[PDB]
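model.pdb (PDB, C-alpha atoms) appears below.
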```
MODEL        1
ATOM      1  CA  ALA A   1     -24.664  28.857  -5.541
ATOM      2  CA  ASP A   2     -23.350  27.540  -2.225
ATOM      3  CA  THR A   3     -19.735  27.582  -3.403
ATOM      4  CA  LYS A   4     -18.521  26.017  -0.156
ATOM      5  CA  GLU A   5     -14.905  27.194  -0.117
ATOM      6  CA  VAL A   6     -14.015  25.733   3.282
ATOM      7  CA  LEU A   7     -15.912  22.560   2.395
ATOM      8  CA  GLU A   8     -14.453  22.443  -1.114
ATOM      9  CA  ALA A   9     -10.946  22.585   0.348
ATOM     10  CA  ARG A  10     -12.066  19.811   2.666
ATOM     11  CA  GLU A  11     -13.095  17.993  -0.507
ATOM     12  CA  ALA A  12      -9.442  18.228  -1.494
ATOM     13  CA  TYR A  13      -8.353  16.990   1.930
ATOM     14  CA  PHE A  14     -10.581  13.999   1.195
ATOM     15  CA  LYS A  15      -8.884  13.430  -2.154
ATOM     16  CA  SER A  16      -5.555  13.640  -0.335
ATOM     17  CA  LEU A  17      -6.195  11.047   2.372
ATOM     18  CA  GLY A  18      -8.360   9.266  -0.190
ATOM     19  CA  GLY A  19      -5.354   9.238  -2.528
ATOM     20  CA  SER A  20      -3.161   7.539   0.058
ATOM     21  CA  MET A  21      -5.908   4.896   0.396
ATOM     22  CA  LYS A  22      -6.276   4.410  -3.372
ATOM     23  CA  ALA A  23      -2.557   4.249  -4.127
ATOM     24  CA  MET A  24      -2.406   2.222  -0.905
ATOM     25  CA  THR A  25      -4.987  -0.386  -1.925
ATOM     26  CA  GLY A  26      -3.533  -0.777  -5.421
ATOM     27  CA  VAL A  27       0.010  -0.867  -4.092
ATOM     28  CA  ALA A  28      -1.386  -3.238  -1.473
ATOM     29  CA  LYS A  29      -2.565  -5.575  -4.233
ATOM     30  CA  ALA A  30       0.050  -5.288  -6.999
ATOM     31  CA  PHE A  31       2.894  -4.168  -4.735
ATOM     32  CA  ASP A  32       6.580  -4.263  -5.631
ATOM     33  CA  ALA A  33       8.473  -1.245  -4.284
ATOM     34  CA  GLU A  34       7.940   1.664  -6.671
ATOM     35  CA  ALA A  35       4.189   1.915  -6.042
ATOM     36  CA  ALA A  36       4.491   1.772  -2.245
ATOM     37  CA  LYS A  37       7.077   4.567  -2.206
ATOM     38  CA  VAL A  38       4.818   6.722  -4.388
ATOM     39  CA  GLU A  39       1.822   6.011  -2.156
ATOM     40  CA  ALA A  40       3.947   6.956   0.840
ATOM     41  CA  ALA A  41       4.692  10.302  -0.822
ATOM     42  CA  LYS A  42       0.977  10.983  -1.196
ATOM     43  CA  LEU A  43       0.683   9.721   2.365
ATOM     44  CA  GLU A  44       3.147  12.217   3.873
ATOM     45  CA  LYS A  45       1.281  14.983   2.043
ATOM     46  CA  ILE A  46      -1.829  13.849   3.915
ATOM     47  CA  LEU A  47      -0.044  13.098   7.187
ATOM     48  CA  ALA A  48       1.540  16.541   7.646
ATOM     49  CA  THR A  49      -1.464  18.102   5.882
ATOM     50  CA  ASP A  50      -3.422  19.609   8.820
ATOM     51  CA  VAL A  51      -6.766  17.840   9.229
ATOM     52  CA  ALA A  52      -8.012  20.401  11.745
ATOM     53  CA  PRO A  53      -8.247  23.197   9.178
ATOM     54  CA  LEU A  54     -11.115  22.239   6.836
ATOM     55  CA  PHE A  55     -13.635  20.609   9.223
ATOM     56  CA  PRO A  56     -15.686  23.390  10.817
ATOM     57  CA  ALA A  57     -18.583  25.752  10.086
ATOM     58  CA  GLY A  58     -19.535  23.799   6.951
ATOM     59  CA  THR A  59     -23.000  22.694   5.826
ATOM     60  CA  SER A  60     -23.900  20.639   8.895
ATOM     61  CA  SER A  61     -26.400  18.072   7.615
ATOM     62  CA  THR A  62     -27.416  16.814  11.060
ATOM     63  CA  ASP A  63     -27.879  20.472  12.001
ATOM     64  CA  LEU A  64     -30.738  21.273   9.604
ATOM     65  CA  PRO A  65     -32.077  20.012   6.277
ATOM     66  CA  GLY A  66     -30.148  20.839   3.110
ATOM     67  CA  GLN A  67     -28.558  19.403  -0.033
ATOM     68  CA  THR A  68     -25.015  18.211   0.750
ATOM     69  CA  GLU A  69     -24.467  14.516   1.479
ATOM     70  CA  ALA A  70     -22.721  14.472   4.853
ATOM     71  CA  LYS A  71     -21.625  17.283   7.179
ATOM     72  CA  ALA A  72     -22.968  17.227  10.754
ATOM     73  CA  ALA A  73     -23.469  13.457  11.116
ATOM     74  CA  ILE A  74     -19.933  12.124  11.643
ATOM     75  CA  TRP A  75     -20.915  10.939  15.122
ATOM     76  CA  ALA A  76     -18.021  12.072  17.341
ATOM     77  CA  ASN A  77     -17.649  15.600  18.734
ATOM     78  CA  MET A  78     -14.787  17.869  17.638
ATOM     79  CA  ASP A  79     -12.630  15.780  19.975
ATOM     80  CA  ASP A  80     -13.561  12.298  18.734
ATOM     81  CA  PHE A  81     -13.491  13.551  15.150
ATOM     82  CA  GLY A  82     -10.122  15.082  15.990
ATOM     83  CA  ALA A  83      -9.131  11.609  17.192
ATOM     84  CA  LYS A  84      -9.793   9.802  13.882
ATOM     85  CA  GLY A  85      -7.784  12.633  12.375
ATOM     86  CA  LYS A  86      -4.644  11.824  14.359
ATOM     87  CA  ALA A  87      -5.456   8.108  13.984
ATOM     88  CA  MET A  88      -5.419   8.480  10.212
ATOM     89  CA  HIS A  89      -2.082  10.222  10.700
ATOM     90  CA  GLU A  90      -0.885   7.224  12.742
ATOM     91  CA  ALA A  91      -1.370   5.160   9.594
ATOM     92  CA  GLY A  92      -0.183   8.127   7.540
ATOM     93  CA  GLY A  93       3.309   8.523   9.009
ATOM     94  CA  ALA A  94       3.623   4.831   9.895
ATOM     95  CA  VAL A  95       2.751   3.838   6.325
ATOM     96  CA  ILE A  96       5.385   6.173   4.894
ATOM     97  CA  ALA A  97       7.782   4.682   7.433
ATOM     98  CA  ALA A  98       7.118   1.232   5.988
ATOM     99  CA  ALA A  99       7.640   2.796   2.564
ATOM    100  CA  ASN A 100      11.153   3.899   3.506
ATOM    101  CA  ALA A 101      11.820   0.845   5.671
ATOM    102  CA  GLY A 102      10.748  -1.072   2.564
ATOM    103  CA  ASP A 103       8.367  -3.164   4.682
ATOM    104  CA  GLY A 104       5.746  -3.952   2.035
ATOM    105  CA  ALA A 105       3.792  -5.859   4.696
ATOM    106  CA  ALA A 106       4.214  -2.909   7.034
ATOM    107  CA  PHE A 107       3.004  -0.461   4.374
ATOM    108  CA  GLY A 108       0.136  -2.746   3.359
ATOM    109  CA  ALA A 109      -1.085  -3.396   6.901
ATOM    110  CA  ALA A 110      -0.383   0.173   7.981
ATOM    111  CA  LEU A 111      -2.159   1.650   4.952
ATOM    112  CA  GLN A 112      -5.076  -0.739   5.513
ATOM    113  CA  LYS A 113      -5.297   0.612   9.052
ATOM    114  CA  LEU A 114      -5.646   4.016   7.423
ATOM    115  CA  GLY A 115      -8.083   2.323   5.049
ATOM    116  CA  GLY A 116     -10.418   1.282   7.861
ATOM    117  CA  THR A 117      -9.608   4.572   9.591
ATOM    118  CA  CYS A 118     -10.843   6.898   6.851
ATOM    119  CA  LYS A 119     -13.516   4.379   5.871
ATOM    120  CA  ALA A 120     -14.564   4.158   9.521
ATOM    121  CA  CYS A 121     -15.102   7.923   9.464
ATOM    122  CA  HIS A 122     -17.422   7.702   6.460
ATOM    123  CA  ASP A 123     -19.080   4.711   8.120
ATOM    124  CA  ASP A 124     -19.690   7.035  11.066
ATOM    125  CA  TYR A 125     -21.355   9.834   9.103
ATOM    126  CA  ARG A 126     -23.739   7.259   7.641
ATOM    127  CA  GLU A 127     -25.590  10.202   6.102
ATOM    128  CA  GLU A 128     -28.608   9.667   3.851
ATOM    129  CA  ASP A 129     -27.182  10.936   0.563
TER     130      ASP A 129
ENDMDL
END
```

Could you quickly redo this structure as structure tokens?
Amino acid sequence: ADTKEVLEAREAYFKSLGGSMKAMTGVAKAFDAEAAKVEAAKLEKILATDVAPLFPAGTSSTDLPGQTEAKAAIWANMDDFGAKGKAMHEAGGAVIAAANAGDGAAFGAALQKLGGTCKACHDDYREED
């Protein structure tokens, strides 16, 4: 009965940024205008979210053995990890910008940057799972 509250919330933070990516990749494919704007909205929620507020004393896979899937791996100290955070935000706010600006190519390329950004993170914590 771990009941990881801090982690669980982080799970939500993953669904948030992960939502921007999803709505971003679909909008990226079958774009138009309405989808992009909506993705942007989800984006902003992620952008101004507060990444540094759910990534801390969690499970820590790399630390010691345990269930989980990924926790301590990440590969990048609190600083580097913090970086990817902001980086994701770079795509976050910039993608929403394209949404408003109506730059479908700007929102597609920007959101893809966030795509490889978040993805890159997971690619970092190449945990066992």

What separation in Å, quoted to one decimal, exists between CA of residue 106 (chain A) and CA of residue 48 (chain A)?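 Straight-line distance from CA of residue 106 (chain A) to CA of residue 48 (chain A) works out to 19.6 Å.
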
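Nearest-residue note for residue 66 (chain A): choosing from A:84, A:53, A:129, A:30, the minimum distance belongs to A:129, counting all atoms listed in the file.
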
Skipping near chain neighbours, those fewer than 4 positions away, what residues fall within 9 Å of residue 87 (chain A) using only C-alpha atoms, listed as a ChimeraX atom specification? /A:82-83,91-92,113-114,117

Write out as JSON, numbers by chain which residues come within 12 Å of residue 110 (chain A) when counting all atoms listed in the file, dropping same-chain ones fewer than 3 positions away. {"A": [20, 21, 24, 25, 28, 36, 39, 40, 43, 87, 88, 89, 90, 91, 92, 93, 94, 95, 96, 97, 98, 99, 103, 104, 105, 106, 107, 113, 114, 115, 116, 117]}

Run the PyMOL selection byres ((chain A and resi 71) around 6) mentally over the shown coordinates, then write out the matched residues as a PyMOL selection string, using the chain letters and numbers from the document. chain A and resi 59-61+70+72-73

Nearest residue to residue 55 (chain A) from the set A:11, A:128, A:2, A:123 (distances using all atoms listed in the file): A:11

Please, what distance in Å, to one decimal, runs between CA of residue 57 (chain A) and CA of residue 12 (chain A)?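 Straight-line distance from CA of residue 57 (chain A) to CA of residue 12 (chain A) works out to 16.6 Å.
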
Atom pair CA of residue 33 (chain A) + CA of residue 108 (chain A), distance 11.4 Å

From A:109, A:126, A:101, A:56, residue lying nearest residue 5 (chain A) [all atoms listed in the file]: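 Closest to residue 5 (chain A), using all atoms listed in the file: A:56.
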
Ranking A:76, A:62, A:52, A:86 by minimum distance to residue 6 (chain A) and counting only C-alpha atoms, which one comes first?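 Looking only at the distances to residue 6 (chain A), the closest residue turns out to be A:52.
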
For each of A:74, A:80, A:54, A:112, take the minimum atom-to-atom distance to residue 29 (chain A), counting all atoms listed in the file, then give the residue where this is smallest.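 Of A:74, A:80, A:54, A:112, the one nearest residue 29 (chain A) is A:112, counting all atoms listed in the file.
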
For the point (-3.2, 15.9, 6.4) in the file's frame, write as a ChimeraX atom specification all residues with an atom no more than 8 Å away, counting all atoms listed in the file. /A:13,16-17,44-51,89

Expected file contents, prior selection, C-alpha atoms, as a PDB file, in the frame of the given file:
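The resulting result12.pdb:
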```
ATOM      1  CA  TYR A  13      -8.353  16.990   1.930  1.00  0.00           C
ATOM      2  CA  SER A  16      -5.555  13.640  -0.335  1.00  0.00           C
ATOM      3  CA  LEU A  17      -6.195  11.047   2.372  1.00  0.00           C
ATOM      4  CA  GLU A  44       3.147  12.217   3.873  1.00  0.00           C
ATOM      5  CA  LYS A  45       1.281  14.983   2.043  1.00  0.00           C
ATOM      6  CA  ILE A  46      -1.829  13.849   3.915  1.00  0.00           C
ATOM      7  CA  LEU A  47      -0.044  13.098   7.187  1.00  0.00           C
ATOM      8  CA  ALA A  48       1.540  16.541   7.646  1.00  0.00           C
ATOM      9  CA  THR A  49      -1.464  18.102   5.882  1.00  0.00           C
ATOM     10  CA  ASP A  50      -3.422  19.609   8.820  1.00  0.00           C
ATOM     11  CA  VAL A  51      -6.766  17.840   9.229  1.00  0.00           C
ATOM     12  CA  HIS A  89      -2.082  10.222  10.700  1.00  0.00           C
TER      13      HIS A  89
END
```

Counting all atoms listed in the file, note down every residue that has an atom within 6 Å of the point (-22.7, 7.5, 14.1) (file coordinates), as a PDB file with C-alpha atoms, in the coordinates of the input.
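Output file point-v4.pdb follows:
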```pdb
ATOM      1  CA  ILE A  74     -19.933  12.124  11.643  1.00  0.00           C
ATOM      2  CA  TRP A  75     -20.915  10.939  15.122  1.00  0.00           C
ATOM      3  CA  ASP A 124     -19.690   7.035  11.066  1.00  0.00           C
ATOM      4  CA  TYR A 125     -21.355   9.834   9.103  1.00  0.00           C
TER       5      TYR A 125
END
```
